[PDB]
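Starting off, we have a lone chain in the form deposited in one PDB entry, written out as structure tokens.
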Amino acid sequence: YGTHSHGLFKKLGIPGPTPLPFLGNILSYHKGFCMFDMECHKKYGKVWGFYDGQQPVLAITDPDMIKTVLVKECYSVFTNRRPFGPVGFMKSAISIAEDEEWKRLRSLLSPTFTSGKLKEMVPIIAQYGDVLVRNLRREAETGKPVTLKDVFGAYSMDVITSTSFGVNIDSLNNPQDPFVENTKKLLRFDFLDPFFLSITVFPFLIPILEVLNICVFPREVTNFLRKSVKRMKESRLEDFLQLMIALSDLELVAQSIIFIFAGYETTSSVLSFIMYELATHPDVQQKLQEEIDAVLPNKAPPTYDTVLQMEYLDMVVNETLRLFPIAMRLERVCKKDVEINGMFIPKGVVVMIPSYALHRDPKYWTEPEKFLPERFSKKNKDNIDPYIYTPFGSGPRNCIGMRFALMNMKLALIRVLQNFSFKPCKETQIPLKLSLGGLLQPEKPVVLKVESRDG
């Protein structure tokens, strides 16, 4: 048949686009995720409904409901995310753990992310602020446009190794065949490439793949890491890794893989967006570059706290994310039958939350296409609704590495700005771009001219 749930958002009354027999609505994804989420916002109003193959997906918007699913019933009903491809042992990674397994793993690794262990960690990261700048000499010193994610990938990689395991290398070009090479390969998934597009229409295909040990995390890489943490529990007997020292032994390898997975590519992608918004906005760059020099007496190493008080930095961050919430949705699975401010939702239904849309809904933002931080200064800062600006989600299952991500990103900008300036040039294609893949990302990679500030 192929149309199981296709008559749920007529009969229950929710509006929406109308499915084809086996595909449902996936053909809308040629725009990518965002655009379909917008277009439907305009169209079917404040709540709507659609089918990813025959998985029925319900969008929401009113913050009151958002909160009731994202914070409130959160343990009761609405705890797991949607399952995806064959996951194998990464089944026990915290982002993919469900229900009580998740509750266990959460409050356990929470301690690992407490500020404290973070300020304990900043010195390590600072270290790769210098390394990043030294090797950005030889991109400027060679006066040729500069591909940013190439330089920020190595920075993430460098910070990802050290914080996660201890291994302290300058992958940043240079020693680029140790260990860099597995991590280099842990790339975020494109849920619009033909593999997952298949699996969505063919959910029954997943258990099949399960058996053939086919797994969505490249086994080459998982094997390697699984034996690297082997090597180390041992060696050390005579850092997130050590930090984790019931929590299972071979569960630890799942988390630390996931910590790399989430951290590596998102950090370098956001970072290079920021440096896109400080070209053709040298006016923001200035307020910041100056803001910096004032907190950091002409070149001075950033500290944990020098960071937290730089809240024009903190402003450029938040607005950059406003535009580019890398997880263009938060998405939660309805445990069971439940009603949420008069709207009722049946078991097995995906409750979705169009973050990137919301983050441009002319209702909570104005001239909402504009890069302009002053939304995030006090006087604008705290009028806008927490369940609308959700770039790390909200409620128990938010980004457990939020502060860390933010710490580490700022930490990088400071050392960068406080030495350099970033202006357009050839290929710095000024419109903006934006992939029609299922990853939120440029399309053409952002490349800039980088002129040294006296050096």
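Each residue number is its position in the shown sequence, starting from 1. Whichever C-alpha set is largest while still superposing within 1.5 Å between the two forms counts as the rigid core.
Quick note: we don't show the form deposited in another entry, though the next part is all about it.
J.: Using the rigid core as the fixed frame, list which single one of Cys74, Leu225, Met328, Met343 shifts its Cα by at least 2 angstroms between the shown form and the other one.
T.: Of all the options, the C-alpha that shifts by at least 2 Å belongs to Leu225.
J.: On a core-based superposition, does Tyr364 travel 2 Å or more at its Cα between the shown form and the other one?
T.: No; that C-alpha moves by less than 2 Å between the shown form and the other one.
J.: With both forms fitted on the core, give yes or no for whether the Cα of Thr303 moves by 2 angstroms or more between the shown form and the other one.
T.: No, shifts by less than 2 Å.
J.: Has the Cα of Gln289 moved 2 Å or more between the shown form and the other one, judged after a core fit?
T.: No, its C-alpha moves less than 2 Å.
J.: Work out whether the Cα atoms of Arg188 and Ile96 come closer together or move farther apart in the other entry than they are in this form, the change being 3 angstroms or more.
T.: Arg188 and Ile96 sit farther apart in the other entry.
J.: Hey, the CA atoms of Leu271 and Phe179 end up closer or farther in the other entry than in the shown form, with the change being 3 Å or more?
T.: Pair moves closer in the other entry.
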